[PDB]
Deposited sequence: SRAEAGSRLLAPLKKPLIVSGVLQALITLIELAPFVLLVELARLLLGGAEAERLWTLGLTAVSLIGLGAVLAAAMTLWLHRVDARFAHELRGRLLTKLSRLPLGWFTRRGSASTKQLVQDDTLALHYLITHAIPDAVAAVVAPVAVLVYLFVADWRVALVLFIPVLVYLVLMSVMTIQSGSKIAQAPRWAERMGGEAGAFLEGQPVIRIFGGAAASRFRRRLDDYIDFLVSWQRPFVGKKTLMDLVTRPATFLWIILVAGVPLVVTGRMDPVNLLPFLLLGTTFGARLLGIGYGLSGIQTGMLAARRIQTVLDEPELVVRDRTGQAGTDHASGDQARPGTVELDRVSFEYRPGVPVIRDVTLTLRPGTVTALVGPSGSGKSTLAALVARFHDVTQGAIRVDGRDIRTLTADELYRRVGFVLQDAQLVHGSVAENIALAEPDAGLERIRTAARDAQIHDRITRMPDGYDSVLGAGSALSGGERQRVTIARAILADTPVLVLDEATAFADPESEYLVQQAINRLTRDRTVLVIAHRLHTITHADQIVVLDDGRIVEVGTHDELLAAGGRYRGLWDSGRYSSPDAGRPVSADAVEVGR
């Protein structure tokens, strides 16, 4: 695979060394049985006691040496793989920090987890075990079979029958399960999302349809049906391989071929000792890679998926290369190709001026804030903060220059001080407390049992208006040259809404503001009102100017009173 060998290039030298070491280790693991064959042969021949002791003790010691070496080899190799996964998962978390934000919306959180965690974990057999098991399953069977072919071809060729049956079973098992392996990660992705939606949308499930009619239960039944069809013939072939390759099976076939040869005069019983001792040890080697091809097939697919995300476009900080002045210029944007959400928006925002963006729902007034944040790149036009393009600014400079509130109070699992101080984790408690006091949430925090240390994960959430005010406190603590507010204080009651707006205006008196609100009565103070309808600027002016103009703004204002 081009996408696999490119991802596993850093582990080149460890992988070839592992194949070389395992070739020597497995040879060392077959040495004792060569010495025990000599010990048995000397016992029948009546050699002296001291000669027997040297052979017997050497074989027993070599068993300990082989076991220590194999344990040490896998220990080093399992530490190499653990380090590569940590580096690879770090690489992925760096890439996802830079991908356009439309990557996440089309994909969901379940697919991201299956990428960062489960796909990297799916490589474990491919790195840590594939090359040792492959080399072990080539060296030991070839070494044993050639050695036994020298000892006696009649009983040696009979050992090929369980070998060929194992070779046929593994190929049939591999071909049959190949399609199912490809479908497995997508099924896991779907069930990860459905399970996450089942757990996240519990209030909807409990009222609308219950457990029986839930989409999760239908998928859960379908996934288990897929697993049964995948795992029934797979495990059936898997156990046939074990039965074929068992040492008991090998010993039985050797004796079936050997006993009629020994009872007849065709061969002496002394020549059974290589077969009875060495002929029954390479079965486990074959089974190691037989059970491993599914691990290689999943690993190669996961390597392809991981490298594909690492090859994704990146919102590259271009090298082309008045404070707080955001200037949109002939901007157009499309979430999906052929679906315009913004159509030639020209708008300039100056320091100390509050620009209000209003319009019908679905008119694209949140895409403008997203493009100003550079969650997505503008399809046309440009957005310049202090002249410099956002595409030329780095992420740190951009998000130091402009801060955002995003209409969806996304909190992170942790203390509420850590949620308020998301921008500056090094920020002190006094800075956090002052930010919350301005956002009118500090009073709510004091009533919690843990205070500001109260963990804020799922289940321990807050009311809708309370979690919104937390994200306002987050933007207050950032203190950026530009502020943007996407439906801030939407869930707030009138008193708290007035207090929050007063605090916001007091803080950003001389700072650029872009406020989005559906309640136009809160927008009467705006220096300029921007009306967005179907992604195009239909009118710009003050509140009284738009009321006199009698357009979309006047229609919305009239329909507000009901």
{"item": "Unmodelled ranges, which are counted on the deposited sequence from position 1 and given in order", "value": "1 to 2, 324 to 336, 578 to 595"}
